[PDB]
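Working notes, beginning with the structure itself.
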Amino acid sequence: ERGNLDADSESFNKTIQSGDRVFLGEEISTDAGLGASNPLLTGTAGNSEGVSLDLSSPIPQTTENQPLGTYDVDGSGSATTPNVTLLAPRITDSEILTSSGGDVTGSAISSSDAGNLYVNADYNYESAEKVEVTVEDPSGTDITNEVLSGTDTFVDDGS
Amino acid sequence: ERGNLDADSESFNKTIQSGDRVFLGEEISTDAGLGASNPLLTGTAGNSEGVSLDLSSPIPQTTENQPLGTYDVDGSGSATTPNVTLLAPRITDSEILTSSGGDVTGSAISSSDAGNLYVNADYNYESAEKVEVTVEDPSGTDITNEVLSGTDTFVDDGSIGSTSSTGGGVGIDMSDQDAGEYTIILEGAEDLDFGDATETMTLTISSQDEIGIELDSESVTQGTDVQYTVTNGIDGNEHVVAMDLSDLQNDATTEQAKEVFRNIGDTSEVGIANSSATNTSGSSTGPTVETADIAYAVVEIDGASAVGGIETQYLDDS
Amino acid sequence: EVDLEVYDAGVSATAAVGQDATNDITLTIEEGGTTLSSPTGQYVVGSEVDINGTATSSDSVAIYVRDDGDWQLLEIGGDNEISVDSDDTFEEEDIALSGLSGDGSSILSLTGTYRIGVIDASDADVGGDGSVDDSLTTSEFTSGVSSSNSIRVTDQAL
């Protein structure tokens, strides 16, 4: 579903329902959901009032041409009906820790002990999309499949 | 009509009705519609309230002197009557794809295979105006009529990934043209051709360089991994890099031969194959090291080149 | 010498046959060169060799062998033609001249001194379908753009 993404073993979902949250760079799906039943959305209050949000097209970014806020179907009015709030995508904290704790990011580690490392992060967009991990050698090549050990390249929020 | 533009075989229409959408660079028609019945419009809320919108004149741009929003006939008030919302013109994504998929934009392609190319794009202004395609030679001349193949120069909204002329997108047969770097120009039919409404997709045509392979080093010892790169291949297709088992050490085992090629880079599957069956790294079910005769690693390509790797360990000193 | 004639604005196509041109410009056109490089000098019977050469103005090229008579076509294989790059150069992989099937190859099987030449797609079945399928005579081979060089076949070795 949406908001509980790992419950269906899906890395993403774009079937937005009424009252959910939407992020800056999403690409809404025009299939069943709030993408064909109500493709035209208008702002409600603040800097977003009057401004329109076209769900049939990719959503712009950097807080220009799409102000953050709650969006009505009627605009600033007396209706609270199919509904979207627009947030911003964010990664807050992320660390690399050894099998018994201890951050080792940005620091040289012994090759012998670098065999049970972990990668963790906190991200704002958990309802929409998981976050990928891609290890790159100094030469600049994807070595992820060689070094992967588990969790299927997807790291959850928190943790 | 308006909002369903291709339904009447029209490239544009400027007969705006109440409640429709209007873009920044339009030039409203003062004929029958909401251009003579109600030429004066005023803003409703937000930054657009109080500001007027003159439909009898071309609409300004860059979000100055015409704020985005819903416009009333009365302004900010208790009337919801003849009506216009003002959006911005946009092209979001656009690609050039071969007859069986595979983006080839910004990358050199063989003249022989550049005969069934397609151009696709996504644009915000579908109710108002279609978007034109204009192929330009490196000398800077319109060669569109020579290379056009179908769809009548008009590409529909959506239709990204459409490999057939049935869907939206225009096909260009760039096989006859000489080698060079070409620019495909997309812009609106009449008015929406300014910034953020037009995009130039480049394309390079050159002689088909046969598959090229290079190594970061030629003289290496055992154990030292070597990275090999495949060059000048068609995007989206799977090459096969082979390893003759005669070069392998004689005292190797079945599991010892399936790890000559690493999963580094764009490699898809690794294993050892025979003329009848193959033994991949997934399981030891197919031919054994003495039974098999070749070691392979099927590798795709993303862009112009792909990189893999080998393990010179357990290799004959020759 | 080739000329270009322009006419005044508003003139029709049919009515412009007789009226003099307002201005003109002339350019010269010459014939290009099509020579072979690698199949020259010596050739071991049954061996394989590449086709190396250049062609300034060509799209499809064919290889012919002559010995005291007609130029028998050599069936190189796929489409009996080689494309030319932008650098006015065409090349082919290692091909065994005698190994390949066709009566053209049969001349080269026997030991002796022969002639081999290349010709552009100007033949086009000396008029007809767009395929090189003939045995052009001396006049037909020489009339179009072409070039030939002396070749002799030496028996095998070890």
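Every number in this text was worked out from the coordinates using simple rules, so none of it is lab data. As a convention, Cβ positions derive from the backbone with ideal geometry for all residues, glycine included, and neighbour counts pool all protein chains shown.
Normalized C-alpha radius of gyration of chain C, against 2.2 N^0.38 Å?
So the Cα radius of gyration is 1.40 times the expected 2.2 N^0.38 Å.
Work out which GluC sites (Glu not before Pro) in chain C are exposed loop sites (DSSP not H, G, I, E or B, at most 12 other Cβ within 10 Å) and give the longest gap free of them.
C:32-158
I need the P(r) histogram for region A:1-47: all alpha carbon pairs, bin width 10 Å from 0 out to the longest distance, whole percents.
23, 52, 21, 4
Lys/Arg Cβ at +1, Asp/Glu Cβ at -1, dipole of chain B taken about the Cα centre: which of B:264, B:179, B:32 is farthest positive-ward?
B:32
Set the Förster distance to 51 Å, then compute FRET efficiency between residue A:21 and residue B:259 from the Cβ-Cβ distance, nearest 0.05.
Values: r = 46 Å, r/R0 = 0.90.
In this case the efficiency is close to 0.65.
For region B:106-120, take each phi angle, set θ = phi - 60°, evaluate the Karplus expression 6.51 cos²θ - 1.76 cosθ + 1.60, and give the result in whole Hz per residue in order, putting x for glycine and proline.
Computed from phi, the couplings for region B:106-120 are x, 9, 5, 10, 5, 5, 5, 7, 7, x, 9, 6, 10, 10, 9 Hz.
Where nothing but the Cβ of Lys and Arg (+1) and of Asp and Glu (-1) is charged, how large is the charge dipole of chain B around its Cα centre, in debye to the nearest 20?
So the dipole magnitude of chain B works out to roughly 920 debye.
Let's see if you can work this out: charge +1 on each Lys and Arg Cβ, -1 on each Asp and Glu Cβ, no other charges. What is the dipole magnitude of the protein assembly as shown about its Cα centre, in debye to the nearest 20?
Using Cβ point charges on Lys, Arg, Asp and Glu, the protein assembly as shown gives about 1640 debye.
Karplus couplings for region C:102-110 from phi (6.51 cos²θ - 1.76 cosθ + 1.60, θ = phi - 60°), rounded to Hz, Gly and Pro as x?
Calculated HN-Hα couplings, in order: x, 6, x, 5, 5, 5, 6, 5, 7 Hz.
Note the direction-averaged projected area, equal to a quarter of the hull surface, for the Cα convex hull of region B:117-250, in nm². Display every interim value, and only then the final one.
Working: hull surface 51.8 nm².
Seen from a random direction, the Cα hull of region B:117-250 projects 13.0 nm² on average.
Counting only DSSP beta bridges with both residues in chain B, what percent are antiparallel, rounded to the nearest 5?
90
Taking 41 Å as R0, compute the FRET efficiency from the Cβ-Cβ separation of residue A:105 and residue A:47 and round it to 0.05. Mind showing how you got there, number by number?
Numbers: r = 37 Å, r/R0 = 0.91.
For residue A:105 and residue A:47, the calculated efficiency is 0.65.
Hey, can you grab everything whose amide H is under 5 Å from the amide H of residue B:206? Only 5+ residues off in sequence or another chain; H modelled, so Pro and N-termini drop out.
B:109, B:111, B:180
Beyond 40 Å, how much of the Cα-Cα pair distribution for the protein assembly as shown remains, as a whole percent?
Counting every Cα pair in the protein assembly as shown, those more than 40 Å apart make up 55 percent.
Expressed in nm², what is the orientationally averaged projection area of the convex hull enclosing the Cα positions of chain A?
Numbers: hull surface 47.5 nm².
The Cα convex hull of chain A, projected and averaged over all directions, gives 11.9 nm².
What distance in nm lies between label points placed 7 Å from Cα along the C-beta direction at residue B:136 and residue C:143?
In this crude spin-label approximation the distance works out to 4.7 nm.
If I model a spin label as a point 7 Å beyond the Cα along the Cα-Cβ vector, how far apart are those points for residue B:149 and residue B:185 in nm?
About 2.3 nm, to one decimal.
Given 25 °C and 0.890 mPa s, how large is the Stokes-Einstein diffusion coefficient of chain B in µm²/s, with Rh as the Kirkwood radius over Cα pairs?
The estimated diffusion coefficient comes to 102 µm²/s.
Once the Cβ-Cβ distance between residue A:156 and residue B:313 is put in as r, and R0 is 60 Å, what FRET efficiency do you end up with, to the nearest 0.05? Could the numbers behind the result be given before it?
Details: r = 37 Å, r/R0 = 0.62.
Computed FRET efficiency for residue A:156 and residue B:313: 0.95.
If you put +1 on each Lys and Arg Cβ and -1 on each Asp and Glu Cβ, how big is the dipole of chain C around its Cα centre, in Debye rounded to 20?
Computed charge dipole of chain C: roughly 680 debye.
Long-range amide H contacts for residue C:92: which residues qualify at under 5 Å (H placed 1.01 Å from N, peptide plane, sequence gap of 5 or more or a different chain)?
C:51
Would you be so kind as to identify which of A:135, A:115, A:148 lies farthest towards the positive end of the dipole of region A:109-159, taking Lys and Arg as +1 and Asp and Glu as -1 on Cβ and the Cα centre as origin?
The Cα lying farthest towards the positive end belongs to A:115.
If the label point is 7 Å along Cα→Cβ of residue C:135, which residues in region C:66-83 have backbone nitrogen under 19 Å from it?
The answer is C:66-77, C:80, whose backbone nitrogens lie closer than 19 Å to the label point.
Mind giving me the nanometre distance, one decimal, between the label points for residue C:57 and residue A:70, set 7 Å out from Cα along Cα→Cβ?
7.7
Along the Cα-to-C-beta direction of residue C:79, a point sits 7 Å from the Cα; which residues of region B:95-117 have their amide N less than 13 Å from that point?
B:111-115, by backbone N distance to the label point.
Measure of size requested: the Rg and Dmax of region B:1-79, with Cα atoms as the atom set and Å as the unit; please supply both.
Just the Cα atoms of region B:1-79 yield Rg and Dmax of 13.0, 39 Å.
Measure of size requested: the Rg and Dmax of region B:181-274, with Cα atoms as the atom set and Å as the unit; please supply both.
22.2, 74
Just going by the charge dipole of chain C, with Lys and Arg at +1 and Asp and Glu at -1 on Cβ, which of C:27, C:107, C:147 is farthest out on the positive end?
C:107
Taking every pair of alpha-carbon atoms in region A:98-159, what share in percent sits in each 5 Å bin, from 0 to the bin with the longest distance?
Spelled out bin by bin, region A:98-159 gives 3, 14, 22, 26, 21, 11, 3, 1 percent.
Would you pull out the residues with amide H under 5 Å of residue A:131's amide H, same chain only if 5 or more places away, H placed 1.01 Å from N?
Amide H to amide H, under 5 Å and 5 or more residues apart or across chains, residue A:131 pairs with A:155.
Can I get the semi-axes of region B:211-262's equivalent ellipsoid? Compute them from the C-alpha gyration tensor as square roots of 5 times the eigenvalues, in angstrom, largest first.
Listed largest to smallest, the semi-axes of region B:211-262 are 24, 16, 9 Å.
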